[PDB]
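Form deposited in one PDB entry, single chain, as structure tokens, below.
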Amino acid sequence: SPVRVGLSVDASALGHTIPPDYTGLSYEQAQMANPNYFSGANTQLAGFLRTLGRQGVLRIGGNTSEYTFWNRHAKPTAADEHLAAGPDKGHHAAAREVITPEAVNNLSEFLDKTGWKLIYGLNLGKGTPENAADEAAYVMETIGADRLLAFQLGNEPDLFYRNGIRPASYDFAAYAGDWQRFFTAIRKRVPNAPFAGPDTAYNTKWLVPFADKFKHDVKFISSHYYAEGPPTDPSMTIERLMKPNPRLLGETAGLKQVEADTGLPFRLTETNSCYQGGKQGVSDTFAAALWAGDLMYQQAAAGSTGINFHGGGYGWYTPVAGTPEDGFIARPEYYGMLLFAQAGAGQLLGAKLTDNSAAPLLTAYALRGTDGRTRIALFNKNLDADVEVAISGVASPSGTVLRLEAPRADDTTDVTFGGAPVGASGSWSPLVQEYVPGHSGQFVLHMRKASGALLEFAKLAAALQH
């Protein structure tokens, strides 16, 4: 028998607005060594991004951003034509890579084909301020002010003290000194250069001090989140992934604090399920779709203005896997992002769950879409409990449900949304879409254990609309 829970939607309780560019992906800067990857000719990957959102943000950074060196005078053949750069595993220094001018030109084409904007890492870890200024100049010229959202000066500088990038004495004050030096050099050469930071791994104590010190220098504040790690740890499981943890609560409190105290927006610029490259049997499973879709909404409800899921290559947690030579595919996590994409932009509404102590990992989010239709995204992250959700406060003659499903929570394949897999180049259309009748604003939705659902409700009295 299902656990019977109540979901009370309150259209009068307006929450945060979900902007059109909320969604996003993050990749290693090392990928810029291969001009064929972010390229106008990479129609497959561009298609996968367009399906994730008409608007969205591509963030380039990560550990390899300290090991990539822009060279305006590179031979064009300094490029690695085959490289599909997977997430850096953070055990040792990454291989040094050159970024060539054509890689930046090709990145511009890719942004034009996808319609996405760019967050671009600069090498504060090991590069010179002069070269950062030159790199920034080329990127601004080539990408353009319209599509360049922000430069970030270093990746996860809160870990420099332990990963060899800086001495063990490095702290916020030292980083602030580094940041000012690079900022000044860049702005001299590029007076309209936009910035975000601190792009920290975890240390929320850096957020408000960064925002306070550099308030007039930045567009938004950024930090990272990984739910689990290290991947070799047997405590890091699918069941754990379905639950909140102190790191998440700290990041959530951190983003709320920086927004309240400074008025600057926050973006989660690098996130995924398990750090140091992800975990086989967790990150590459259907559970990751539930995790990712839920995280997108939870962060938005808290005030986050966007997200960037890290990935690349065939990494265990990558949303899209593949190469320009062999083709690209949607991994299970992609389907959670797809649910969000299909729901679309709009404004969150109050949605409170009750009678849910026996199904505590069920989450639900209500949205008034830009088109005026109510949507509800539900994630039944309870691995062992089916639920029956009594939904109130939605006035609509009827709703349709698209299901996010796999036959087992640990499946690495067999994932469908709306009864269909995603195909080549991000192709997707729903093939199974069940009708839910309502009365007096009330609906009853069953969900099997370890599943998700997107409900879309019809307008009132609109059967004859054009």
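C-alpha atoms forming the largest set that superposes within 1.5 Å between two forms make up the rigid core. Note that residue numbering begins at 1 and tracks the sequence as displayed. Only residues modelled in both forms are compared.
This protein has a second form, the form solved in complex with a small molecule, left out of what is shown; the following refers to that one.
Chemist: Answer yes or no: in the deposited complex, does the small molecule come within 4.5 Å of a heavy atom in every one of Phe340, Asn380 and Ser451?
Modeler: Judged in the deposited complex, none of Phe340, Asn380 and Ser451 sits within 4.5 Å of the small molecule.
Chemist: Heavy atoms within 4.5 Å of the small molecule in the deposited complex: which stretch among 381 to 389, 107 to 115, 353 to 361, 151 to 159?
Modeler: Among the candidates, contact is made by 151 to 159.
Chemist: Counting only non-hydrogen atoms and a 4.5 angstroms cut-off, does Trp291 reach the small molecule in the deposited complex?
Modeler: Residue-level check for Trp291: no, no contact with the small molecule.
Chemist: Even though the partner isn't displayed, in the deposited complex is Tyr335 close enough to the small molecule, meaning a heavy atom within 4.5 Å?
Modeler: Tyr335 lies outside the contact set for the small molecule.
Chemist: Taking the shortest heavy atom distance, is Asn34 within 4.5 Å of the small molecule in the deposited complex?
Modeler: Contact with the small molecule, no.
Chemist: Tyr226 near the small molecule in the deposited complex, any heavy atom under 4.5 Å?
Modeler: The answer is yes: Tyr226 has a heavy atom within 4.5 Å of the small molecule.
Chemist: In a fit on the core, which one among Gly327, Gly281, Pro76, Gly350 has a Cα that moves 2 Å or more between the shown form and the other one?
Modeler: Meeting the 2 Å or more criterion is only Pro76.
Chemist: When the two forms are laid on each other by their rigid core, does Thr232 show a Cα shift of 2 Å or more between the shown form and the other one?
Modeler: True for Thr232: a C-alpha shift of 2 Å or more.
Chemist: Quick one: core overlaid, is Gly47 moving 2 Å or more at the Cα between the shown form and the other one?
Modeler: No, because once the rigid core is superposed, the C-alpha of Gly47 moves less than 2 Å between the shown form and the other one.
Chemist: If you line up the core, does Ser429 shift 2 angstroms or more at its C-alpha between the shown form and the other one?
Modeler: It does not, since the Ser429 C-alpha is displaced less than 2 Å between the shown form and the other one after the core fit.
Chemist: How does the CA gap of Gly229 and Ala95 change in the deposited complex versus this form, closer or farther, if it moves 3 angstroms or more?
Modeler: Compared with the form shown here, the C-alpha atoms of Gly229 and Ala95 sit farther apart in the deposited complex, by 3 Å or more.
Chemist: What direction does the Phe379-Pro231 Cα distance move in the deposited complex compared with the shown chain, closer or farther, given a change of 3 Å or more?
Modeler: Their C-alpha distance grows by at least 3 Å in the deposited complex.
Chemist: Give me the stretches of at least three consecutive residues whose Cα atoms move by 2 Å or more between the shown form and the other one once the core is superposed.
Modeler: Once the cores are aligned, runs 75 to 79, 201 to 208, 229 to 235, 245 to 247, 249 to 251, 437 to 441 are those whose C-alphas move by at least 2 Å.
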